[PDB]
Every structure is written in C-alpha cells, then in structure tokens.
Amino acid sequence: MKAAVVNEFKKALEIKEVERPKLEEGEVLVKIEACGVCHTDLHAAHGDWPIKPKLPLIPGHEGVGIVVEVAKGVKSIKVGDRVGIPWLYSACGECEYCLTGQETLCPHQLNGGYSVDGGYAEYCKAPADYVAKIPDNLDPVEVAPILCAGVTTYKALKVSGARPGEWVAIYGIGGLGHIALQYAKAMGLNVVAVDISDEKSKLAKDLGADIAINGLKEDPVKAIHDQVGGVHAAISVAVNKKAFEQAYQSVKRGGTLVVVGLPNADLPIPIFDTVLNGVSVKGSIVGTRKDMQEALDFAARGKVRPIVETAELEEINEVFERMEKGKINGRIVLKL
C-alpha cells in the first residue's frame, strides 16, 4: 500500500509503501478515492499542537473511498458503499456526551489522521459505526471538504442560533469561510462576508453573500453597524487577534459569536461589554454524526459546492508549502 507518512515533525512527508490495514471487529476497509487537505493535517505534520500525534502517522481526516472489506458482524455498512472517514474516527458510546448526541466531546475519542492512521493512503480502515455515508449524487473529490469544512461550519451556524431572515457575519472567506457562506444562505440567512482581499470579496459575492467587505479598505464593524445595525451571529473563522476582535464587536446585544478557528494562544475579550450587552462566545468545531448527515444532504441537494483543486499524493509536501504561503483559494483534495 502506497502512503504519505509523517516520520517526524517538520521534516517532509515520505510517500512510501506500507502494509494494508487489517480489520478487527466492527471495522471496514476503505479503498481511498480522494482525501481532502486542510490546516489540521499541517499542524498534525508539524506537531505544534498541545497534544501531539503518534508518529509515524498517515494523516488525513477527509478520506472518501469505497468499502472493499467488512469485518465479522458489520451489517450496516456493506462492501461497495462509498463512505467517508472523518475527524471523529471513533467514540466510546457510553459517556456523558455519547449518550446525549454530543459525540464530538467524547474524552475517549480517536481522531482520523491524528490519533490513528488516516486517508493519506490507498486504503484506510475505520469503524462502521462512525464512517459517513456519502450520498449517491456526489463525486468523492468534491465531497471530501464537507467531511471537515462542511460539518464544522454548518454546526457552527446551528450553534449560533441565527434564525432565517436574520443577519450573520462570516469573518474569513478562506477554506471554511467560503463553505460557511453557502450553508448560511441555504439556512435562510443574510450574510456579511469579511476578508482582507478584493479577490475574496468578489469570491464571496459570487458564492451568494449579500454584503462583501474588504476589511483593509473599510472598517468592517462600523460598516456592519452602519448597514445592518450589527449581526445576530458572527462566525469567526479567521482567528488572528484583529479579526477576532472585529468579529466580536460586530455582534449586537444578545447575539452570539461562534468561533471555529484554532488560535495559537489565548485571545482577549472585553468581558466588561460582554456582560452589559448579554453577548455569548461559543466554541464549536466539527460535528456529530447526525450533523454530518445533514451537512452532506445540503451538498447532495446542490446548496453547497466546495471550491476544489486536485493534487497527487506525491505532491503532499508542495501542497503544504503552498498552504503556508496562503495561495490556496478554497481547499485542495488529494486524488487516488
């Protein structure tokens, strides 16, 4: 089996031959057709997060492929299905959060391409109970971002409380933000999209945004206040200190700021104003299995189309180099 392997942190990945996974009870083997790439894989490759991955590691948490083998007793998933192996690789099923449909918080969870070998290979293994069933409408390459950017942003907009007709602000129309934009519109929301580029403001407007702001030409918060009077919710994707503060202060009283990005250090919040304005700051990333089904259904109905460009497994270090220089407009999917 060919696989791109992280041998040790910061040092380039080695495309090399390794054994195929063998199944234990409840697992299926997936012949990978595609696997999306995002910044989580980078942080997995660099090991710069608080809890580090197990080396050597096959990254990838957006693998889409065909089930070619099922272990004894797997009935729900059948050989031939097209499934996804997401970030939420497995959960305990018995804890506080598993019992209440909050599988994303399970303290015993395994994470695909981080705590366990992911889809940067020709075959990947996963538990039948946690794979995502890909709808028949969708190509594996175009769907792979939904397993990550899709479910994360869709769940964040549910968490935000924004109801149809209300205004939402999305700070950062990058990898996730350009996908967060289409979910918001499909959820009956009016969107103000905020970025730092005339190109992305054009991108956002073409993807459906009602208002696009080049944040380096207009102060976005007083433009949001002057035009729509503040937003009921704001999705903070860009988590640099300025965009986070700007996303916060765009939220009117009694509104919610949902943060979906993972910043490098702590972030300051004017708690003083937070108390007198009844504002909430909620954290949210990825989603529950039920969240996954709904996120994928929006794509199956055509309401959310990721901007994708394919790359070969061998180019994985060049995609990473390309990702650190910020020249990825959208997301890049590995093809197999």
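Note that residue numbering follows the sequence shown and begins at 1.
Engineer: Identify the stretch, either 30-38 or 51-59, whose C-alpha atoms have the larger mean B-factor according to the entry.
Structural biologist: Averaged over C-alpha atoms, the B-factors run higher in 51-59.
Engineer: Would you tell me which stretch averages the higher CA B-factor in the PDB entry, 220-228 or 103-111?
Structural biologist: Looking at the recorded C-alpha B-factors, 220-228 comes out higher on average.
Engineer: Would you mind checking which of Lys202, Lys78, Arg82, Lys185 has the top Cα temperature factor in the PDB entry?
Structural biologist: Among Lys202, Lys78, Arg82, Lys185, the highest C-alpha B-factor in the entry belongs to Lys202.
Engineer: Just the C-alpha B-factor column, please: which of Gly302, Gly283, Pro268, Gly287 has the biggest number?
Structural biologist: Among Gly302, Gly283, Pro268, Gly287, the highest C-alpha B-factor in the entry belongs to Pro268.
Engineer: Could you place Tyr123 in the lowest, middle or highest third of its chain by Cα temperature factor, using the values in the record?
Structural biologist: For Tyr123, the deposited C-alpha B-factor lands in the middle third.
Engineer: If you rank every modelled residue in this chain by C-alpha B factor, which third holds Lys242: lowest, middle or highest?
Structural biologist: Highest third.
Engineer: So where's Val308 on the chain's Cα temperature factor ranking, which third?
Structural biologist: As the PDB entry reports it, the C-alpha B-factor of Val308 lands in the middle third of its chain.
Engineer: Mind checking which third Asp129 falls in for C-alpha B-factor across the chain?
Structural biologist: For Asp129, the deposited C-alpha B-factor lands in the lowest third.
Engineer: Can you work out whether the C-alpha temperature factor of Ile213 puts it in the lowest, middle or highest third of the chain?
Structural biologist: Answer is highest: the recorded C-alpha B-factor places it there.
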